[PDB]
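A quick write-up on the structure given underneath.
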Amino acid sequence: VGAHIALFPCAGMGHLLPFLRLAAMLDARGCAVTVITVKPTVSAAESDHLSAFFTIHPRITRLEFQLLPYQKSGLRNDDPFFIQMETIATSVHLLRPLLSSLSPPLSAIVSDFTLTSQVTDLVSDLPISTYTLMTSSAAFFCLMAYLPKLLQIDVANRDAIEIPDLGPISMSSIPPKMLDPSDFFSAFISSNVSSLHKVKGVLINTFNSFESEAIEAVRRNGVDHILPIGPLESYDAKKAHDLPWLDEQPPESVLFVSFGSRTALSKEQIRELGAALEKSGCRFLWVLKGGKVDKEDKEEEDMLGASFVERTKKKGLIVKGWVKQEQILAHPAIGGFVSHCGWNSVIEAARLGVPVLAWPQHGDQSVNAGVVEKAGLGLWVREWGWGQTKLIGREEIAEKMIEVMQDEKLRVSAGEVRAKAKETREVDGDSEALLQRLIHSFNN
Amino acid sequence: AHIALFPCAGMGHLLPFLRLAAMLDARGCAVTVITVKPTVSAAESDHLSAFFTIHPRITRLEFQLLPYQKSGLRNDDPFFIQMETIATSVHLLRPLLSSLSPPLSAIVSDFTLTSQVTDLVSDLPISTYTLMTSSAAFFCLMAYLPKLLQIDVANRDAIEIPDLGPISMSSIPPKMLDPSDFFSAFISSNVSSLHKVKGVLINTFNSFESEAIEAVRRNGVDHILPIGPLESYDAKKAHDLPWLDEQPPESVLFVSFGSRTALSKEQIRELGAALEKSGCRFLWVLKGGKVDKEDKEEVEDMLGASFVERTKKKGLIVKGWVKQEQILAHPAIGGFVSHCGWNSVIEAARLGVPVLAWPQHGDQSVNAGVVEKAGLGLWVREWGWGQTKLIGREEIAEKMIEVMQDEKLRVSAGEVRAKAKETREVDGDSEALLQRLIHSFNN
Amino acid sequence: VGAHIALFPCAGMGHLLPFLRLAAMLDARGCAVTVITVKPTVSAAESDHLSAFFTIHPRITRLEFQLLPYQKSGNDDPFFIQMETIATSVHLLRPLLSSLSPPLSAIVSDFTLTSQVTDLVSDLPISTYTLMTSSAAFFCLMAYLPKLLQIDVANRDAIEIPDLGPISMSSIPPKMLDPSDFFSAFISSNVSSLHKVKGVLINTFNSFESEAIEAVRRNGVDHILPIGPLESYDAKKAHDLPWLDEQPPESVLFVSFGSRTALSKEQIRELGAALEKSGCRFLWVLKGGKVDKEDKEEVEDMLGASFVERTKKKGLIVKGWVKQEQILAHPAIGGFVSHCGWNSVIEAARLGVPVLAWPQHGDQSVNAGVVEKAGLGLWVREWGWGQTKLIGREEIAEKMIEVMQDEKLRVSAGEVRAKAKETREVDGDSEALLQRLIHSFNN
Amino acid sequence: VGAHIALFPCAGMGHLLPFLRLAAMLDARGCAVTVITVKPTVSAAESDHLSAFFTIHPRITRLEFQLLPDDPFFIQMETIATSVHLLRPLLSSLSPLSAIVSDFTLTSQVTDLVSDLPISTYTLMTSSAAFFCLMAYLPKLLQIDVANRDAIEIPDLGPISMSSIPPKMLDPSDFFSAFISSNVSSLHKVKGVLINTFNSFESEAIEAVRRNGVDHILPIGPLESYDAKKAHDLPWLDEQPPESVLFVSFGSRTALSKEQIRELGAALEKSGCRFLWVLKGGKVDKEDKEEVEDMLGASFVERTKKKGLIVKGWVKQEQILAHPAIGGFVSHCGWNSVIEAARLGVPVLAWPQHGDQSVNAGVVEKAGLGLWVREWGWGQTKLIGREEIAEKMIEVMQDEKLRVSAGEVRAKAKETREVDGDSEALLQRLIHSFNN
Ligand SMILES: O=c1ccn([C@@H]2O[C@H](COP(=O)(O)OP(=O)(O)O)[C@@H](O)[C@H]2O)c(=O)[nH]1
Ligand SMILES: O=c1ccn([C@@H]2O[C@H](COP(=O)(O)OP(=O)(O)O)[C@@H](O)[C@H]2O)c(=O)[nH]1
Ligand SMILES: O=c1ccn([C@@H]2O[C@H](COP(=O)(O)OP(=O)(O)O)[C@@H](O)[C@H]2O)c(=O)[nH]1
Ligand SMILES: O=c1ccn([C@@H]2O[C@H](COP(=O)(O)OP(=O)(O)O)[C@@H](O)[C@H]2O)c(=O)[nH]1
């Protein structure tokens, strides 16, 4: 553990967990690692996860930063993660005192994409080689990467968007917010992509077989230094879960439902899947988030209904809250996965080879579904659209759930992805060799 | 894009730059604000500290200016004297600006520092912009000063500025016409170097000064950009609000004469006599000591105990810094008395307060004219120059009464208030221009 | 870039734009360029254009001449009074020219003031040149007007200039044929001052006007140099064609009537009706204000709601200024409707865009004649001087449909574009002269 | 107390002490007084006096000018001129002055200053009416004669001999002439002039200045002491009988050589006068002076230890002179001191070392205030015998007429000091003139 490295996730479970994963991974490869967190955390969950991680890994060290107050309405409405990410920039300078005192000077720092522009000054005064880890799809990341020239190019939204060395992305996959220049979200991505130039390398949670077209497209696309790190290894946070029912079930019989760290859909729609879930007869494990964005704000299982919970009393079990998704997904009993297609959830399923039913709700998740379908890892119906854009059928959903359980071709293809994913983590694997090579390059 | 703001001395110069800087930061530019020490007035120093603690990501660049060194520019004013001191030392900042870790894309300089600042970034890759504290109408007079000085052989009536109504000779300040005085030398020296500036920022909206903004555009300053009204950085802890809450809406008349303007000893007693005689409710900010806040160490021994007792029911007299923008927003204030320094004037317009115009020194008279033109307030030209003139209680009181009860003004003033709102809106020109400007900054 | 060159355009977009292009051309070819402008500019557009030029082309310096008060009577034209107010202050170029660092090796002056700078080129011996913005056939008529207006001054079917196709009197403006009008005096006097010039550049080439170049060479202008077509300057933008991107190639008709408004409102509406009948997809740039950018405040009141809605999915209208050269260059544009201002005509040939000719005033009719001879466009003679006649929509529609479907025209038009390039290419005849002129200039 | 006023002395206690008294006097008369001082101060004493003054008068404000980079006192007077502009900020921030009273030496520099920040200005002269005219008539005199004559005449003033006149002042080349001549020219700007004199002391002198174009001269003499109270010092003063003690002070700077000083020290014991002697080591600098009383010799101290006391350093002169014990004064005759003697009615012996003082000695003689020997002359020029001195020294103790003449002079001084008298009247009037 001669080399000293830090990783600095900003906000959100999707951002936070992987970086921890990168750190544990880095520690495993003889790196000395500090993990930087900024408080107060947006969600109760983020700290809960963080606390365990440090307890679980003593060798890795916690490096908190306390946030200063801010009040800017320029950011549209009130979504806390952009606000949290924005606040982090306001207090980012507070970082400098913290880095100056590090015992063995940091060889490199790994920084979440959202604040790559603020850190840059910090990265010139203290000359730290700075790296980034991408939580999104390489195909989706390819879109952001080419966004600035594409945003400069036109004023209206066309039928299909062409990123230069990649298959054109349908506009339906793209978020509205991305398209309009005036909107801030556009501002945050554009500036940050520019800051990539300063960075020594860019790391993404995907592997070359997995996104062959995109990774190369990125290569000639102005993102030369991108390294396919993924799939990010398990956090090894053992353990906090009781699953007597899961053990009883036959291997690959049970269906797992998670819509991500945040809730994805309306109750009326939600009841529709529950009704369709009954029609399918799949044994299930369902994790439900009452609060669409914050764990702290949810004190609501009223939404599914009284009759349904008793009706599926022996068919399935549901958790209202947080459960270990990878711990559950590695179980022999789980054979199908219905996800919101956040890239971390999609990547974990590919690593464990669990067939996916893609049900993207917002953001980059629609683009990840296209990768899920292109990979052959999962089944996706593009026509479902964004959440609340259309109300998709109980009867319609049931046919798709029945296909995932009884389509053997998906199982053979899903099995291949697990083998493809495993091979890249083997000593001869490009992903393991790239991580090992990057660690070798870090200076004393 | 890194932008640096270089305000000169004075809360009139200081307040606008910080306000914009906060606006720039809100809209996402990396912002640095340049301050130098010492500062003439306590408020500027106290304010800067407050502003930075409220806005953490804005960098503070502090330089100690060289000791006052001079020859020429007859100056009897402390704030103007400090401006000369900042201007003579701006050329020593070239070494510091060259090595800044996040290099500046552009500098937004103060009008007074524009000539020295333009020379400073000549061989550096930094765009030079200037923010104008005053009104657009005054800028037309500034542009015409060389023509005004050359063909000004006769002391008669007013001079017709080329694209708008002629200004009375009484409105032009006598100091502006004397080349020896600092006010004239600085105005002339800066206008000559305005052509080396990428853009000139102004605190007026297109609705407020359509003729003045248009006249300057065709008069050689073709890069003018209206961004007004500037928005408050809304940072404040001390509350002096309580008396007002007791007051009925619109009853109170607010009197203030800016950061560094004081009345005559005969005028303070005649103004006080008028406030009693009028019978109006009022809020008085008393700045008897003079410009500097530190030396104005007196504490209401200007009027005496007898007067406070008589007026306590209808008035509160405060000596010290008051949160002007907040007071103006209050339901209670239905009148304002102003020296018509532009920043007060803009605030009156944004918050729709009827204004009673009372110039004491410099641009105030022209701005007073603008205020009258737009219906914002009533101006009495005959009163002429405060500090050169004395007005009796009878005259003052009647005007005070008249402004409070002009419903046409209250209706008229509101209309300006609406227009100021529109411009800030995304459609509205002033915000749009800044949004237009901000993109430009990215290079 | 050793050689020091200054070009002076007096007024009008048509005069201003070509001169800027010549300036850019000179700098690219190794001259060091000063550009002289006279303010206040008649129009907002020249100023808009000039500021962008200097910011885009920053190695070229800007020399400005502030104009003095003028008052002569006998309202003519705003660009003709500005052309005569620049000659009332043309002695103000003396101080400026004497101060210039690398002294001028040659100055290029607009033809309107060649008689007034004659004296200035003797005192400071500047080899002076002039660039003509009209056609080579219309300059021939301009260059023989003095000798034609000595004989019986009247009108015949055709008036003839020495060695070129006789020009009809229907193409010649009526004010050029009366010797007591302003026009003639300025043309006669400036053609007399062409003998003091070292060269006379025109915006054309010899394939386009073979007879005019020799007619002008064998009639008193032996030092005439055709350096056409003038190259394009930069501008940096393009949020003008979101619809242009969606439209298919060569399918869009571009309607421009020049820097200024042309036809009467009643006439325009028939074209608008005409456009509709044709089905041509179109991009239309409408200038409401017939002569002044500043004066035009009309909007949707030119064509009516009725038309704008119906063509809503098939055409777009831009009011004011558009980057005409960039638009024409676009793959989408397939036809050009022009007032046949010469500068516009040379770019259409340069860009190979087919023309429907609707000359409105002045030299435009002769230019229309040139367009016909070249094979560049379709022209109807009988349409006449603008507002002389009212042209029915049906007649307008037919020519337009004919333009869309006329294959020989495209082939001939395509052929013209190749030739224009041929001249521009380094071996090229027009290219050769400009390169040569610089070689002559002495440091 | 409405009016607000400021004083500015550049250097020497010759000017500062009077100015402060001017400052205190002005405060008494209802004036807001600000005293402007120059730093660093040339002398530790000069610095010493200022701290005491503000501390003693709480209500008098102090404003200071820090200074940017021959005689130290003269050169510094020159330095203040360099930094005069520094004054400009100070005036601008003032809580504005109804008038400023400024030192004669730097009046020329300030003229520009007064005109921009409109302030009526005055100067106060610490030298005699007879001497001021010599400065006052000097500029014409230098150009017109350019020669050396036994005596020189100022228009309405009895001519005083060259012997009195300082040599340097005579030379056109010298720095001193430029300062004096230039400043008088600047004298035109001031709305008043003040000298530490009263008409009675020099009716002839005051008139000539009035005659000679110094129409605005105002004599406000004698200036009231600004003083500390109360210190139990000089138990050696209270002990002695009235008028038994001779107090010797050659200046606010040293004036004579150790051997020349030894002759007076030997003369003092022969004279028999009881004495309190203020002995300064530094010829011109208090900080420079680091010598003990070894110029007089150990022997002198043992012999006279009961008879008299020697103070090395500074003492409060007005405080000492006012004492009953003092009956004789020996003075270098600096005017400020001479005026103090007249107001306190203490007989003087005049031994002027340098400068204006010899002329000052002449005034004392016309007055009858003290006994003077002209022949002794400029200090260190000649050696004056111990035997010769005592006879004059004894004569000062035992002359009845002198006591009478001196008694009147004190009486005359008071009358002007009182409300009816002109010096008081003008002060009242000038303040009245002062406009808020
Ligand atoms: O109950 C839950 C919900 C989510 N996750 C983890 O949350 C991470 C982030 O999910 P993703 O990136 O797919 O989407 P997000 O929640 O950020 O929208 C993934 O590692 C999931 O395994 C988990 O472990 N348990
Ligand atoms: O007691 C005061 C006096 C002034 N101001 C602020 O100072 C600003 C500038 O004053 P202005 O430019 O109107 O006058 P000036 O001080 O420049 O003469 C105004 O917006 C006021 O809000 C204040 O907050 N409290
Ligand atoms: O909307 C316009 C109109 C004109 N032009 C250009 O400006 C010049 C004006 O055209 P021209 O002089 O031929 O016509 P006129 O000036 O006589 O009306 C031409 O070079 C055009 O290329 C342009 O860029 N945009
Ligand atoms: O030991 C001393 C010597 C002098 N003085 C004061 O010195 C002042 C001015 O002295 P003067 O100008 O007469 O002499 P100079 O300064 O020119 O030597 C008088 O007010 C004295 O009271 C004093 O207080 N103590």
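Residue numbers start at 1 in each chain; chains themselves are named A, B, ... in the order of the structure tokens; ligands are numbered from 1 in the order shown.
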
Strand (DSSP E or B) call set, DSSP backbone run, range 190-329 of chain B, as a ChimeraX atom specification: /B:199-202,224-226,252-255,281-285,315-318

Kindly export the residues of the current selection with C-alpha atoms, as a PDB file, in the first residue's frame.
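After the write, part_18.pdb holds the following:
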ATOM      1  CA  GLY B 199     -18.149  46.377 -23.586  1.00  0.00           C
ATOM      2  CA  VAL B 200     -19.440  49.096 -21.196  1.00  0.00           C
ATOM      3  CA  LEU B 201     -21.934  47.889 -18.541  1.00  0.00           C
ATOM      4  CA  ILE B 202     -24.717  50.259 -17.335  1.00  0.00           C
ATOM      5  CA  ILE B 224     -23.133  49.964 -24.262  1.00  0.00           C
ATOM      6  CA  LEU B 225     -24.935  47.112 -22.474  1.00  0.00           C
ATOM      7  CA  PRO B 226     -27.839  47.877 -20.090  1.00  0.00           C
ATOM      8  CA  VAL B 252     -43.575  57.146   6.040  1.00  0.00           C
ATOM      9  CA  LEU B 253     -41.289  59.395   4.061  1.00  0.00           C
ATOM     10  CA  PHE B 254     -37.734  58.208   3.694  1.00  0.00           C
ATOM     11  CA  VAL B 255     -34.955  60.772   3.592  1.00  0.00           C
ATOM     12  CA  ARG B 281     -44.490  60.260   9.203  1.00  0.00           C
ATOM     13  CA  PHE B 282     -40.803  59.908   8.329  1.00  0.00           C
ATOM     14  CA  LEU B 283     -37.503  57.983   8.568  1.00  0.00           C
ATOM     15  CA  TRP B 284     -34.397  60.255   8.577  1.00  0.00           C
ATOM     16  CA  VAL B 285     -30.831  58.990   8.034  1.00  0.00           C
ATOM     17  CA  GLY B 315     -40.532  59.922  13.072  1.00  0.00           C
ATOM     18  CA  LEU B 316     -37.434  57.870  13.725  1.00  0.00           C
ATOM     19  CA  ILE B 317     -34.087  59.491  13.186  1.00  0.00           C
ATOM     20  CA  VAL B 318     -31.217  57.142  12.632  1.00  0.00           C
TER      21      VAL B 318
END

Give me, as a PDB file with N, CA and C atoms, in the first residue's frame, the set of residues whose atoms come within 6 Å of any atom of ligand 2, counting only C-alpha atoms and all ligand atoms.
ATOM      1  N   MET B  11     -19.285  53.624  -1.363  1.00  0.00           N
ATOM      2  CA  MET B  11     -20.292  52.541  -1.354  1.00  0.00           C
ATOM      3  C   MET B  11     -21.110  52.620  -2.640  1.00  0.00           C
ATOM      4  N   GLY B  12     -21.099  53.772  -3.303  1.00  0.00           N
ATOM      5  CA  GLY B  12     -21.778  53.874  -4.571  1.00  0.00           C
ATOM      6  C   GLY B  12     -21.017  53.124  -5.632  1.00  0.00           C
ATOM      7  N   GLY B 258     -27.407  59.428   0.555  1.00  0.00           N
ATOM      8  CA  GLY B 258     -26.272  58.607   0.087  1.00  0.00           C
ATOM      9  C   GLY B 258     -25.258  58.261   1.155  1.00  0.00           C
ATOM     10  N   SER B 259     -24.165  57.598   0.757  1.00  0.00           N
ATOM     11  CA  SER B 259     -23.055  57.164   1.646  1.00  0.00           C
ATOM     12  C   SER B 259     -22.201  58.305   2.184  1.00  0.00           C
ATOM     13  N   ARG B 260     -21.872  59.283   1.350  1.00  0.00           N
ATOM     14  CA  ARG B 260     -20.904  60.302   1.805  1.00  0.00           C
ATOM     15  C   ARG B 260     -21.340  61.718   1.451  1.00  0.00           C
ATOM     16  N   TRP B 321     -25.341  53.590   9.323  1.00  0.00           N
ATOM     17  CA  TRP B 321     -25.706  52.854   8.130  1.00  0.00           C
ATOM     18  C   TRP B 321     -27.060  52.192   8.307  1.00  0.00           C
ATOM     19  N   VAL B 322     -27.906  52.310   7.296  1.00  0.00           N
ATOM     20  CA  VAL B 322     -29.225  51.725   7.332  1.00  0.00           C
ATOM     21  C   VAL B 322     -29.333  50.826   6.131  1.00  0.00           C
ATOM     22  N   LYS B 323     -30.156  49.793   6.227  1.00  0.00           N
ATOM     23  CA  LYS B 323     -30.323  48.873   5.124  1.00  0.00           C
ATOM     24  C   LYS B 323     -31.343  49.505   4.218  1.00  0.00           C
ATOM     25  N   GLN B 324     -30.853  50.308   3.286  1.00  0.00           N
ATOM     26  CA  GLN B 324     -31.695  51.120   2.422  1.00  0.00           C
ATOM     27  C   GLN B 324     -32.594  50.331   1.493  1.00  0.00           C
ATOM     28  N   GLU B 325     -32.039  49.314   0.852  1.00  0.00           N
ATOM     29  CA  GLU B 325     -32.814  48.535  -0.091  1.00  0.00           C
ATOM     30  C   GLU B 325     -33.977  47.829   0.587  1.00  0.00           C
ATOM     31  N   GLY B 341     -28.183  59.984  -6.415  1.00  0.00           N
ATOM     32  CA  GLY B 341     -27.061  59.188  -6.844  1.00  0.00           C
ATOM     33  C   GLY B 341     -27.743  58.012  -7.485  1.00  0.00           C
ATOM     34  N   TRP B 342     -27.185  57.481  -8.558  1.00  0.00           N
ATOM     35  CA  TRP B 342     -27.930  56.565  -9.397  1.00  0.00           C
ATOM     36  C   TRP B 342     -28.379  55.303  -8.697  1.00  0.00           C
ATOM     37  N   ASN B 343     -27.527  54.725  -7.875  1.00  0.00           N
ATOM     38  CA  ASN B 343     -27.873  53.466  -7.253  1.00  0.00           C
ATOM     39  C   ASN B 343     -29.096  53.659  -6.394  1.00  0.00           C
ATOM     40  N   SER B 344     -29.225  54.800  -5.703  1.00  0.00           N
ATOM     41  CA  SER B 344     -30.474  55.014  -4.913  1.00  0.00           C
ATOM     42  C   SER B 344     -31.576  55.135  -5.924  1.00  0.00           C
TER      43      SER B 344
END

Long-range neighbours of residue 221 in chain A as an MDAnalysis selection string, 8 Å cut-off, only C-alpha atoms, 3 positions minimum in chain: chainID A and resid 145:146 164:165 217:218 224

CA of residue 133 in chain B to CA of residue 203 in chain B, distance in Å rounded to a single decimal: 6.6 Å

Protein and nucleic acid residues within 8 Å of ligand 4 (only C-alpha atoms and all ligand atoms) as an NGL selection string: :D and (12-15 or 17-18 or 126-127 or 249-253 or 278-280 or 313-318 or 332-340 or 357)

Protein and nucleic acid residues within 9 Å of ligand 1 (only C-alpha atoms and all ligand atoms) as a PyMOL selection string: chain A and resi 12-18+135-136+258-264+287-289+319+321-329+339-349+362-363+365

Distance filter 12 Å, only C-alpha atoms, chain A against chain C, as a ChimeraX atom specification: /A:151-159

DSSP-assigned alpha helix (DSSP H) among range 381-426 of chain C, expressed as a count of residues only: 31
